[PDB]
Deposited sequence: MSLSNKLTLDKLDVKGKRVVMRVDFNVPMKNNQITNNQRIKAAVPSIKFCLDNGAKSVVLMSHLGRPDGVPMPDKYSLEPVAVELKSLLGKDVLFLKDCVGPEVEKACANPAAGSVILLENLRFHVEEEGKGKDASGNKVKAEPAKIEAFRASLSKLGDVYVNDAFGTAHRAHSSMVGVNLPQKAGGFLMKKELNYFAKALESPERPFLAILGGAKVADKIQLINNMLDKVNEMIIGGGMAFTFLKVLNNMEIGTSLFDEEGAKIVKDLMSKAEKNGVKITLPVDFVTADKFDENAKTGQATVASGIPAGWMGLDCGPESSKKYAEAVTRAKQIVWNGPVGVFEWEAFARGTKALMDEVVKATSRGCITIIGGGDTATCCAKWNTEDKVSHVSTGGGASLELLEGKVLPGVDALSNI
């Protein structure tokens, strides 16, 4: 960011600031379970308001609505309520992000107005592909032109979304496009932590986003010495390598095609892969599912999903943590939100905290994965908790993030 415009250098007095933030907070029963991401944007929002901004217009995605409006399930209205108490100022929530009324509402606001727009991904044009459909070029441009109308200057503080070349992150057309203080803070910490990692350097890759994150491993394999592939990531690997019965467990069809290549590469680079060997199983995807056990040998019965690892998996995971002097962890190794399926991420968290206390550099990142830290009160018991998960895995790969690359130059 050493040659991008940042917010400390952007005169905002009398200007309308349009700001990309990652307010993609975890939700349950329609309430926010962790305001980490909203809090982390506050310093940039306060700075703008403290420095004479006419308005701050805030925009984000929440979830993966895939280009269909879904106020029911993926509305940002709750974030607007939480943002009020953290700023101690009112937030005008708007029920759309583009179009004549959003434009009217943001055209010339009272001085100091903060406005939050609705979920960008209710419009196919943010990503723009969705549902199955490709966005139309003319309409992407139109959607991008609408968003650009809402401020005089642009700030991108959406670190957690920086890996995404979506319309709101890279397509806003204003003379001045500044990185915010959170983007700044996360990029510096990682440029430090990734410069000369302590070794063995372990990556711990779990979660639910298999299609996307399975595609990151190839470049990661050039950087790390060990890799835990757990959570929802494990089942593509285990079907291919062990012909394991997997049931309704998460599976990536594309990912499975390259699994043999990534294992060949892991070997060629001396990167030790630790995959799970037992499981807690579910009869459906529900907190109060009937539950069971399987090993890789037994397989998982048709009709059932693996939603946590078992105790023998926890033991292997612990051994990898014990050998590490640096850890980057994105993705829980089970569905930690539900207690029937939380023991394995809780045990792995326990290892990671014990590892930190004897000098291991521990870095946990992501919306859901940082919520592990909140839930077990380990936020100050590891080295760094980042608002980015995927964004951080893409910095580990050695990429310039598209949301950083689209910023103005000095």
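When the deposited sequence is numbered from 1, the segments without any C-alpha atom are 1 to 2, 134 to 138.
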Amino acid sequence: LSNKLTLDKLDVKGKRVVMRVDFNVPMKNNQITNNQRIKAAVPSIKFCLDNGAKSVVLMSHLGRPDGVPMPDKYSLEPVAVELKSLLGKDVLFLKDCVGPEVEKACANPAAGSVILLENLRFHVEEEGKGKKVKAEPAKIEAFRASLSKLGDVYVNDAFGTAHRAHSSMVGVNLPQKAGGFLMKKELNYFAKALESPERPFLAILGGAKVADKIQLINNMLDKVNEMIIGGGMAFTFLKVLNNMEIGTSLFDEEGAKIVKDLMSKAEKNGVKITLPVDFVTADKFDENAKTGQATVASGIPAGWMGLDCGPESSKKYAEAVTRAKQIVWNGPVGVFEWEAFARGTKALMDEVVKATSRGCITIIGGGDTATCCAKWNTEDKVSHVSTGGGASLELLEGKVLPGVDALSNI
From here on, numbers count along this sequence of modelled residues.
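Throughout, rigid core stands for the largest set of C-alpha atoms superposing within 1.5 Å between the two forms.
After superposing on the rigid core, the larger RMS C-alpha deviation in 5 other deposited structures of this protein belongs to 235 to 243, the other candidate being whichever of 235 to 243 and 190 to 198 remains. Across the superposed structures in 5 other deposited structures of this protein, aligned by the core, the stretch whose Cα atoms lie more distant on average is 281 to 289, chosen from 281 to 289 and 69 to 77. Gaps at residue 124 occur in none of the other compared entries of the protein that contain both adjacent residues, all of which model it rather than a third dropping it.
In the comparison with other entries of the same protein, residue 145 is given coordinates in all of those covering both sides of it, so it never reaches the one-third threshold. When the mean C-alpha temperature factors of 182 to 190 and 129 to 137 are read from the deposited coordinates, 129 to 137 comes out higher.
Of the two segments examined, 304 to 312 and 197 to 205, it is 304 to 312 that shows the higher average Cα temperature factor in the deposited entry. Across 144, 121, 164, 260, the entry's maximum B-factor at the CA atom is seen for 260. Across 114, 224, 169, 238, the entry's maximum B-factor at the CA atom is seen for 238. In the deposited entry, the Cα temperature factor of residue 66 sits in the middle third of values across the chain's modelled residues.
Per the deposited record, the Cα B-factor of residue 279 falls in the highest third when ranked against the other modelled residues of its chain.
Annotation for residue 384: CA B-factor lies in the lowest third of the chain's modelled residues. In the PDB entry, a CA B factor belonging to the middle third of its chain's modelled residues is recorded for residue 234.
In the deposited entry, the Cα temperature factor of residue 255 places it in the middle third of its chain's modelled residues.
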